[PDB]
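First comes the structure, then the notes that go with it.
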Amino acid sequence: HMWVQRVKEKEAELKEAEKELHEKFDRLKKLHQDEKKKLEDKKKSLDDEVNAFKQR
Amino acid sequence: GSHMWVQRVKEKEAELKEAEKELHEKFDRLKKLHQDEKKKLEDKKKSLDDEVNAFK
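If you're matching them up, the sequences are chains B and A in order.
The first sequence lines up with residues -2 to 0, 347 to 399 when you count with the deposited numbering.
The second sequence lines up with residues -4 to 0, 347 to 397 when you count with the deposited numbering.
Here is the structure:
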């Protein structure tokens, strides 16, 4: 019933859902980048511990 | 001695490299899922547009 009205709604909702999906994925990439940078940070500190304390 | 502490630090560095690999693999599965979800929305919009155009 009222198929013309169903379609107006579903198009607008699809545009909003696509924006929402894009925002969600950006939030996920920010968290992923935080976890990546934390691992890189740890590895750089170990590298620099060796360089500071190794015998010369 | 034989710089055993340096060998230990390099093992820890290799553990972090493995952890980066696992993070990359896990994040790729989340990317694939996001790509699936984006394609799903696009095909909803396509079929709606095609249904609408079918009349005109």
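All C-beta atoms in this analysis are idealised placements derived from N, C-alpha and C, irrespective of residue type, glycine included.
Counting of Cβ neighbours within 10 angstroms places residue 357 of chain A among the buried residues, the total reaching 16 or more. Ranking A:359, A:364 and A:353 by CA distance to the CA of residue 374 of chain B puts A:364 first. Rounded to the nearest angstrom, the gap between the Cα atoms of residue 387 of chain A and residue 380 of chain A is 10 Å. Closest in C-alpha terms to residue 355 of chain A, from the list B:382, B:361, B:394 and B:395, comes B:382.
In the DSSP assignment, residue 372 of chain A falls within the alpha helix (DSSP H) that extends over -1 to 396. What residue 375 of chain B touches in chain A, judged by beta-carbon distance under 7 Å, is 368, going in chain order.
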